[PDB]
Every structure is written in structure tokens, then in C-alpha cells.
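Engineer: just coords:
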Ligand SMILES: [Zn+2]
Ligand SMILES: [Zn+2]
Ligand SMILES: [Zn+2]
Ligand SMILES: [Zn+2]
Ligand SMILES: [Zn+2]
Ligand SMILES: [Zn+2]
């Protein structure tokens, strides 16, 4: 029997790919999520993990008996190197356009963010993405019978996006939520509380927390799987249920408390 | 132990009032639904059953320890005498406005429908409603923390409306759906297939079936409780689960099949 993943697992430590629910499959690493949403008309790939994880994600798609060339759309949580890192490599293997919101596009085109990113100074360089479709803030990415809806989730980054869709096992159909990172982390310089440096940014982070808290949410997954206890719910170490309709609420409420603690830290220093 | 209700129960046969889920309570009869949605800021009453059921609904509210005078809004599924029959009586006891969609207002004001109602010729007279608020087709009725959303559901009548809201037991919160009647029943004269007599009516009935099928639906209740198997899910005869996320879909699909059978009957006669 396999050991499964730790919650402190390296971003590049391999994970056994596997079904999450229905036609939603996990194809990331122990430390970083990536999902494959499948149909007989083509698939949607969710995220690209790190710049080092591209070959793992492709091997994982194949391990499940799907072909990367059948992916017709790639979507992104947020424009940090640990989620966007292998996008260009994945676009080459799949031929699929990458969908992102307007505030993420320059970063995806440069392969590096600008000062609007809380983590600007600690960014790692990644390959520019050649073909990006700018998606509206509640736009829908459609491939055959698949429909993934964007939920704008700025705060951890300007371009952050959560995603929601329905997956079914027979007639038991569940609202999947891939909620973006909500951690109020930064480089050594950035101050969430300095509104004059980025007017409205922190308010929009608060708005994001409220929006994510309100989603219809049967099964939550997050870009860092440990942020939603993923490995306590699927795989060899699972001991809590996969489905928990309170998960988005609790995720957002925990992130609010942590955001407020970040504000207190900034006040003190 | 009480016997509970039959599925063929008389519209006026009394039912023991009881909790459905959380702050949603059943206060109707064995044959006809009525619901009370409660808060410490006031309540919302859903439906009025028959012209004979008013005293039962008031006694049932009191049986649960709520005061009719604390109801701040009354909402309606549809303008037939078996659901709207005690509205005026209930408005007097509660002081609450009644909310209905535009196509139901004349009927509520007359106490009788016109030929737009498939069942026009078999209507029974009821008391006119004095104070009606015309509600927009996706409007929300708000009382304190309560929020009931209207889902326009024409077909069985022009004014038909389904209702949805959230009820919680602790942190386990469920999307309640009071889906309107979807039966393609009529008096002896009406023909759903005679579009020239009512242009677009049947198409809108089909649109309603699709809309109801698509609702997020954890617990379904219907104006005739047997149409959703209510008494197989709550009360003394319960043997199936209260929560079934497939219920709206199955309800609407069964109604589509029955609508199509009505069309075949009309073709044959
Ligand atoms: Zn990040
Ligand atoms: Zn990350
Ligand atoms: Zn749900
Ligand atoms: Zn009716
Ligand atoms: Zn009826
Ligand atoms: Zn649901």
C-alpha cells in the first residue's frame, strides 16, 4: 500500500494521480495541485504547478489513460510561479489556449510579475505563455459538455481566480470548487495596509473572502492541497469525508482570521 | 404513535405540524402544503392551502409556538383555490403583505381566475386579497435574516412560482426548494396544444420544466406533498431520505413525460 503525501510536502514531490470525483482527476504533486476534468469531447486542465512539474503533470494525465493532446483549454488559479510555472510547456503538449483574467495577463506574458504582486521580489522566472484568452470576471470555459466558471478572487495576487463546475458519478452530481489561495503572504517589502501604494487592493481581498465563503461548495480543492486538507480526504491517508458543504465557508473564515493577523503584524512593525 | 398521512389524502385532512429542516416547518394539511420559515426577526409563510384550511394553518403555527402576528410576508406557489384559498384570512391574522408575480394578481384580486388558467372552468371562488406586492420574476422576499427567492414557474398556471432559500441546523445548511406544481391538468375545454388561443404558453411551461430541473436542490417540497413523496421522507411513514440532490431533476423529468402524455391525449381527441 502506498504511503501517500505529507502536508509539508515539497512542491515537486510526486503524487499518485487519481480520481477526485467523477470526471475530476488529480494530476499534480504532493505539494501543488493540478486537475484534469475529462469528457469524450475533450478535457480541461486546471493549473500547471511549478516550473519543474510539467513532465509530472503530462505523465500523470497519461497514467490515467488520457492524452494531453485531447485537452482543449487550460485554466489558472493565479499567476505565481508555483502554479503557472509549466503553463507554456503544457500549452505546447496540448495545443490548448490558456484562459486568465485581465490582471494576470502581463505577468503570464513576461513570465514575471510586477509590483502589483504582493510577492513581486521573490518571484521565480517562468516561460512566457504564447496564446492566452482573456476571460471576463464570471466567464465560462466550455469544452464539449464541460463548463468551468471563473470566480474572480484577487488578494493573494491581482489576477487570482477560483473555479467551479459540476462533476457526476452516475446521477450523484457535486459542485466542485477549486478555490484560489487566500494567504496574505508577501515579499519583505509589501504592506497590505498601505492602501496609497495600491488603492482598493485590500478591500478587494476582503470582498474575495466573502465571495468564496458564499459559493455553493460540495467538494473543495485548493492550489496548495494542504490548505483544504486534501490528503486527509483522498488517497492513502484519508480519514475525513471528501464532501463537506461547509468547506468553502471555513476556508474563507480561516483566511479572514489570518488576513487580520497579517494586518496586526504590519501595525506592529 | 401517530399514523401520519396517506398519499391520496383529502386536501383538508389534518396533518401534525412539524419541522422539515432547520427553521423550515410544515403547517399545512395531509393533502396540501404550507410552510413556515422562522426567525427572531419575523417569519415568512409559504402558501395558504384551500379556502377551508385557514384555521388549521393558524393552529399549526401556534402548535409550534410561533405567533401568526410575527409573520411579516406571505408568499404563494400558484393562484388556484387549493393554494391561495385562505390567503385573505391569513393576511388578516398576520398583518403581512402577500407577494405574487404579475400574471397572478388579477386572479388574487378577483378571487377567481380568467381563461388564461388551464383550470378556469373548475375554479372555486375565494376571498380577494387586499394587500398584494407584485414581485419581479427573480425577486427576493426578505424578512430579517430570511431571504426567499422567486423562480417564475408558469405552465400549470400563468402565475406559478417556485421558491428557494437556505435553512440550517447548526452549520449544516441546505438549499430548500418549494417547487410549484407542474401537472398539465385542465378543465374540460382547455388545450395546451392550441397555441393560437394562448401564444407561447406551452413553450413557457417547457421552459419552466428546464428551470426547475436546474435548481440547486437539497430538500424538495411541493404544493401537493405527494408530488415529491414528502410523506415518505418526513413524519410517521418516512422510509426515504429527506435530502436528495436529484429530487428537482427527477420531479421536472417526470413532469415533462406527463406533459408529453397530455399532448398525445390532445392529439387523439
Ligand atoms: Zn501564490
Ligand atoms: Zn502557491
Ligand atoms: Zn451544495
Ligand atoms: Zn393548481
Ligand atoms: Zn393544487
Ligand atoms: Zn446542492
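Structural biologist: Looks like it came in fine. Residues are numbered from 1 along each chain as shown, chains lettered A, B, ... in the order given. Ligands and ions are numbered 1, 2, ... in the order given.

Engineer: am I right that residue A:192 sits in a helix?
Structural biologist: No: assigned with DSSP: H, G, I helix; E, B strand; the rest coil, residue A:192 falls outside any helix and is coil.

Engineer: ok, it - how many residues close by?
Structural biologist: Residues lying near residue A:192 (other C-beta atoms under 10 Å in any protein chain shown) number 20. Placement of C-beta: from N, CA and C, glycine included.

Engineer: give the contact list for the residue lying closest to residue A:102 once chain neighbours are set aside.
Structural biologist: If you skip the residues right next to it in sequence, residue A:102 has residue A:134 as its closest partner in space, 5.6 Å away by C-beta to C-beta, 6 or more residues apart in numbering or on different chains. Residues in contact with residue A:134 (C-beta atoms under 8 Å, 6 or more residues apart in numbering or on different chains) are A:100-102, A:105.

Engineer: and chain A, which residues reach ligand 1?
Structural biologist: Contacts of chain A with ligand 1, taken as C-beta under 5 Å from the ion, map to A:80, A:181.

Engineer: smallest gap between chain A and ligand 3, at which residue?
Structural biologist: When scored by C-beta to the ion, chain A has residue A:216 as its residue closest to ligand 3, at 4.5 Å.

Engineer: need the contact list for that residue.
Structural biologist: Neighbour list for residue A:216: A:164, A:175, B:175, B:216 [criterion: C-beta under 8 Å, 6+ apart].

Engineer: list phi and psi for the first one.
Structural biologist: Same thing as residue A:164. Main-chain torsions, residue A:164, degrees, to the nearest 10: phi -140, psi 150.

Engineer: quick check: it touching residue A:175?
Structural biologist: Yes: with contact defined as C-beta atoms under 8 Å, residue A:164 counts as touching residue A:175 (6.4 Å).

Engineer: now do the contacts for the closest residue to residue A:87 other than its chain neighbours.
Structural biologist: Distances taken as C-beta to C-beta, 6+ apart put residue A:48 closest to residue A:87, at 4.3 Å, once the chain neighbours are dropped. Contacts for residue A:48 were tallied using C-beta under 8 Å, 6+ apart; they are A:34, A:54, A:57, A:74, A:76, A:83-87, A:89-90.

Engineer: which residues in chain A form helices?
Structural biologist: Taking DSSP state H, the helices of chain A run over residues A:54-63, A:81-84, A:87-94, A:105-110, A:201-213, A:247-268.

Engineer: list the contacts of the first one.
Structural biologist: With C-beta under 8 Å, 6+ apart as the contact definition, helix A:54-63 has outside contacts at A:12, A:14, A:17, A:27-29, A:34, A:36, A:45, A:48-49, A:67-68, A:71, A:85-86, A:89-90, A:93.

Engineer: narrow these to those that are buried.
Structural biologist: A:12, A:14, A:17, A:27-29, A:34, A:36, A:45, A:48-49, A:68, A:71, A:85-86, A:89-90, A:93 (16 or more other C-beta atoms under 10 Å in any protein chain shown).

Engineer: what subset of the contacts of residue A:216 is buried?
Structural biologist: Buried, going by 16+ other C-beta under 10 Å: A:164, A:175, B:175, out of the contacts of residue A:216.

Engineer: of these, which is the nearest to ligand 1?
Structural biologist: Nearest member of the buried ones among the contacts of residue A:216 to ligand 1, counting by C-beta to the ion, is residue A:164, at 19.4 Å.

Engineer: residues touching that closest one, list them.
Structural biologist: Residues counted as contacts of residue A:164 (C-beta under 8 Å, 6+ apart) are A:148-149, A:151, A:175-178, A:215-216.

Engineer: 10 Å instead?
Structural biologist: Residue A:164 is in contact with A:140, A:147-151, A:175-179, A:215-217, A:248, counting by C-beta atoms under 10 Å, 6 or more residues apart in numbering or on different chains.

Engineer: could I have the buried ones of these as ChimeraX selection syntax?
Structural biologist: The buried residues among the contacts of residue A:164 can be selected in ChimeraX (16+ other C-beta under 10 Å) with this line:
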select /A:148,150,151,175,176,177,178,179,215,217,248
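
Engineer: out of the contacts of residue A:164, which sit inside strands?
Structural biologist: Judged by DSSP state E, the subset of the contacts of residue A:164 located in strands is A:140, A:147-151, A:175-178.

Engineer: contacts only, for the closest residue to residue A:228 other than its chain neighbours.
Structural biologist: Using C-beta to C-beta, 6+ apart and skipping residues adjacent in sequence, the residue nearest residue A:228 is residue A:222, 4.2 Å away. For residue A:222, the contact set (C-beta under 10 Å, 6+ apart) comprises A:33, A:77, A:162, A:177-182, A:228-230, A:247, A:251.

Engineer: at 7 Å what do you get?
Structural biologist: A:33, A:179, A:181, A:228 (C-beta atoms under 7 Å, 6 or more residues apart in numbering or on different chains).

Engineer: out of those residues, who's nearest residue B:118?
Structural biologist: Among the contacts of residue A:222, residue A:179 lies closest to residue B:118 (C-beta to C-beta), at 45.9 Å.

Engineer: with adjacent residues omitted, what lies nearest to the closest one?
Structural biologist: residue A:162 (4.6 Å).

Engineer: quick check, the one you found in contact with residue A:180.
Structural biologist: Yes: between residue A:162 and residue A:180 there is a contact at 4.7 Å, judged by C-beta atoms under 7 Å.

Engineer: quick one: the residue in chain A positioned nearest to ligand 1 from ligand 4, how far?
Structural biologist: Per C-beta to the ion, residue A:80 is where chain A lies closest to ligand 1, at 3.5 Å. Per C-beta to the ion, to the nearest Å, residue A:80 is found 56 Å from ligand 4.

Engineer: residues of stretch A:188-203 that come out buried?
Structural biologist: Across stretch A:188-203, burial judged by 16+ other C-beta under 10 Å covers A:190, A:192, A:198, A:201-202.

Engineer: for that stretch, which outside residues touch it?
Structural biologist: With contact meaning C-beta under 7 Å, 6+ apart, stretch A:188-203 is reached by A:116, A:118, A:121, A:184, A:262-263, A:266.

Engineer: among the residues you listed, which pair sits farthest apart?
Structural biologist: So, the contacts of stretch A:188-203 by C-beta to C-beta: farthest apart are A:121 and A:263, at 20.4 Å.

Engineer: overlap in contacts, residue A:162 and residue A:180.
Structural biologist: Residues touching both residue A:162 and residue A:180 (C-beta under 7 Å, 6+ apart): residue A:153.

Engineer: ok, the nearest residue to residue A:121 once chain neighbours are set aside - contacts?
Structural biologist: Leaving aside its sequence neighbours, residue A:121 sits nearest to residue A:187 (C-beta to C-beta, 6+ apart; 3.9 Å). The contact partners of residue A:187, by C-beta under 7 Å, 6+ apart, come to A:118-122.

Engineer: now do 6 Å
Structural biologist: Residue A:187 makes contacts with A:119-122, as judged by C-beta atoms under 6 Å, 6 or more residues apart in numbering or on different chains.
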